[PDB]
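Below you'll find only one chain, the form deposited in one PDB entry, shown as structure tokens.
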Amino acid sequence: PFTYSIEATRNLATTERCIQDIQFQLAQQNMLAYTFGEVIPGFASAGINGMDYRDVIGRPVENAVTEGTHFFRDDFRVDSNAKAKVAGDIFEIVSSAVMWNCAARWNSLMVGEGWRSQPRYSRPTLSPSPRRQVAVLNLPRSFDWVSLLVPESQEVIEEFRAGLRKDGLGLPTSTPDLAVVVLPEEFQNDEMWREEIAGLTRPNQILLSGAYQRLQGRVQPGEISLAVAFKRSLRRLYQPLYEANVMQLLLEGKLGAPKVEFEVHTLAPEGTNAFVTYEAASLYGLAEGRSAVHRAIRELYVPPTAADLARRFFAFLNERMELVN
């Protein structure tokens, strides 16, 4: 469970143990199923929804360390580098699950199924419409977000990349960790995008991490609205800022997307200089010089609680999806 249980750990089969004896390995798939198997932060109890998000993200590693100490005692040993990489993966996966349930509750409201009240969040004021449904896509590592686009838009990028290569120029690259896109019209009556998950069980982990495959080749460029980069400890400042401008140049510029925004989530920013740096206007918006300009990175967001993450994403959808007819 979210709180460590000796009886639940004892009932775990060897394939379910959060610590895999090989040196020892942190089985993050079992860590999420053990800690968040019945708890989606922000959509659970009031104590968990209002808990410090750093303690919520750090709970699976703390539960795994307790299990390894129980079974192996002083033999159990993991490096700080291993505990850091897993915590960063959990920070991204858990936050993506919160946004997934936000989209599910949002999509339910858009199709006319009302506003779920447990837990209590402010009902969006935007007029409901099935065409305003969204999909939260946790993108794998080194994933080409161009593959999300419809074939006629991939050909524009492919011809543009080929022409630049003939002049010795490279197509600027960009790899966000997550993308929020308008739900394709052919999927606006599929109930899977409206169902909130009760916890990060193994089937639900596969559902969320693989949802990007369902939308490959089906997204219009203008339907991409938000990209997210997860840095558990933002030391490493200019790659997201550069890649945010790259996405806006290719989507808003070469593909005519109305607005493509970018934000960085972090748990411990190293100073306040990163907030000033991320106030910079989008380089493409300044280059076009015609339409209204927004920042390359809309916010350096430090989630205090999981409920604030859900509230903030609900407010984003209520304001951003108004631009969709």
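Rigid core: the largest C-alpha set superposing within 1.5 Å between the two forms. Residue positions are given as counts along the sequence shown, with the first one as 1.
> Do a third or more of the other compared PDB entries fail to give coordinates for residue 291?
Replying inline: Yes, a third or more of the compared structures omit it.
> When you step from residue 235 to residue 236 in this entry, do you jump over none, 1 to 3, 4 to 9, or 10 or more residues of the deposited sequence that have no coordinates?
Replying inline: Gap between residue 235 and residue 236: 1 to 3 residues without coordinates.
> Relative to the deposited sequence, how many residues with no modelled coordinates occur between residue 22 and residue 23 (none, 1 to 3, 4 to 9, 10 or more)?
Replying inline: Per the record, 10 or more deposited residues are absent between residue 22 and residue 23.
> 241-249 versus 81-89: which one carries the higher mean Cα B factor per the record?
Replying inline: Of 241-249 and 81-89, the stretch with the higher C-alpha B-factor average is 81-89.
>> Please compare 222-230 with 125-133 and name the stretch with the higher mean C-alpha B-factor in the deposited structure.
In response: Of 125-133 and 222-230, the stretch with the higher C-alpha B-factor average is 125-133.
> From 197, 148, 179, 109, which pick has the Cα B-factor that tops the rest in the entry?
Replying inline: Reading the PDB entry, the winner on C-alpha B-factor is 197.
> Mind checking which third residue 12 falls in for C-alpha B-factor across the chain?
Replying inline: Highest third of the chain for residue 12's C-alpha B-factor.
> What third of the chain, by the recorded C-alpha B-factor, contains residue 259?
Replying inline: It belongs to the middle third of the chain when residues are ordered by C-alpha B-factor.
>> Is residue 271 in the lowest, middle or highest third of its chain when residues are ranked by C-alpha B-factor?
In response: As the PDB entry reports it, the C-alpha B-factor of residue 271 lands in the highest third of its chain.
> C-alpha B factor of residue 282, ranked within the chain: lowest, middle or highest third?
Replying inline: Ranked within chain, residue 282 CA B lands in the lowest tercile.
> Considering only modelled residues of the same chain, in which third does the CA B-factor of residue 214 rank: lowest, middle or highest?
Replying inline: Lowest third - that is where residue 214 ends up once the chain's C-alpha B-factors are sorted.
From this point on, the text means the form deposited in another entry, which you will not see here.
> Core aligned, which of 84, 206, 169, 192 has the Cα that shifts 2 angstroms or more between this form and the one not shown?
Replying inline: Residue with a C-alpha shift of 2 Å or more: 169.
>> Core superposed first: is there a CA shift of 2 Å or greater at residue 280 between this form and the one not shown?
In response: The answer is yes; the displacement is at least 2 Å.
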